[PDB]
Amino acid sequence: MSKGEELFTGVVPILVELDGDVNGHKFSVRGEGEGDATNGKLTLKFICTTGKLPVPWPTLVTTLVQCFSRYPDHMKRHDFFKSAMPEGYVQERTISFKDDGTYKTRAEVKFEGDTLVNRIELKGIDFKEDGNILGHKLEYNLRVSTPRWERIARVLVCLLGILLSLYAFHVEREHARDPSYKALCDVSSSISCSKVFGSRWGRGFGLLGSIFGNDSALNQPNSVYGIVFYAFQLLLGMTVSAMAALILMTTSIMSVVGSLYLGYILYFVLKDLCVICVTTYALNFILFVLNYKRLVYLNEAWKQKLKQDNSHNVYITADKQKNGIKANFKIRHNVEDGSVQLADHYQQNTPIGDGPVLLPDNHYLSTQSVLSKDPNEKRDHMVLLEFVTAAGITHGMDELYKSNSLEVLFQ
């Protein structure tokens, strides 16, 4: 919905010009290419016209034209970028690199004749000389190490596991020893009712006591092992490493064999039902499957490159006070030595001209980037292929995990 949308029905030539100053180092970047909004496709080539580049190319991708994002028909009344055309919009960004410097960018995106032009002024400040940016220690890509659904599922299963472990601990400490607990559980079906809390298997899973002193500090109630195991799986799940994956796999196998043991006790040798126990068994199985999937991906991701997601969501909300939009998102650059460099992106966009612009509901853009080189180009350069598509707004529940209200919580 605008005149501006009608300007993106075919292939549009793209020109990008950037002047930058990072810790005193001045540089110029000129890129050219074409964009296809119907496919949300960007094909661009950038060159550094002032010699070598002082910052890694991946740190400049977000700075170096969201008006080429593919907006589905249903969401077309939420496309601010195209509605501001041909007059264009001003896009300002502050990008905070964790434990490092900061980018301040101001750009004008507008139509000049037939060409969509994006002129950028950038300045970086407070960057470490031996950091990941000025040290050129970032990988030449914008991939996502672990798939997003595995991260979300992992943090959810681990959080629920910690909560159930804490509640089981609370029942063991403040509920299980009262006689009214026994009397009430023999007449009522409650999630707090179980015969394993005040039992032989309540401490150390029954074994590992009389294997240790049976009064030692290593023979704790099972809920303690719960908190420790789920918090451990959470904190080590944050790290993507072969070591971490092996450790998580081993701990998950221990968790599933322990769950089979205590389940066997639950059904046969201590005949009862424990909802908390069964739920934690399901969570241990899910963590097992997630760790196995992380190892399989670690070994076969090179084959599955052709089908990796590698999508980053930029979250857009309306800004009525300035007749524009605001956007926030985080980019996780992979470091060569295995670590991660975080980039916090704060963004605002205001229309240049005086015309009806579309103020959208909260949504997001899914952006996939592919960085490559031109073997014929002798200058410091970057070949970029982008795929951007808007998402976050539907009516049906079958795709509800895709809604913006749920995606914002996991970023």
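Its PDB record attributes the structure to X-ray crystallography, giving the resolution as 3.3500 Å.

Enquirer: Explain the pattern of salt bridges to me, and be specific about the residues and the numbers.
Expert: Following the criterion strictly, the structure yields 15 salt bridges and no others. Between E112 and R119 there is a salt bridge, and its shortest N-O distance comes to 2.7 Å. Here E112 falls in the partly exposed class, since its relative accessible area comes to 29%. One network of salt bridges, with partners in common, ties together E17, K110, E112 and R119.

Enquirer: Describe helix α4 (residues 222-237), listing the residues and the values that go with them.
Expert: The first and last C-alpha atoms of α4 sit 22 Å apart over 16 residues, in line with the 22 Å expected at 1.5 Å per residue. All of the buried residues in α4 are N222, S223, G226, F229, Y230, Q233, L234 and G237. Down the axis of α4, the smallest arc covering the buried residues is 130°, so these residues share one side. Exposed side chains of α4 directed beyond 90 degrees from the buried face belong to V228 and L235. Buried residues belonging to α4 abut α2 (148-174), α5 (242-269) and α6 (275-300).

Enquirer: Go over the side chain of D319, please, and point to the residues and values.
Expert: When you line up the elements, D319 lands in strand β7 (residues 311-319). For the buried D319, no salt bridge is present, and the opposite-charge side chain at shortest range is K322, 4.4 Å distant. When sequence neighbours within four positions are dropped, the list of residues in contact with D319 reads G324, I325 and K326.

Conventions we followed
- Residues numbered from 1 in each chain as written, not as in the entry; some residues may be left out.
- Heavy atoms only, no water.
- Residues with missing side-chain atoms left out of burial classes, pairs and counts.
- Salt bridge = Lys/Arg side-chain N within 4 Å of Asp/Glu carboxyl O.
- Buried < 20%, exposed > 50% of the residue type's maximum accessible area, 1.4 Å probe, protein only.
- Helix = DSSP H or I, 4+ residues; strand = E, 2+ residues; numbered from the N terminus.
- Expected span 1.5 Å × (residues − 1).
- Arc of directions from axis to C-beta.
- Contact = heavy atoms within 4.5 Å.
- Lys, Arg positive; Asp, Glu negative; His and termini not counted.

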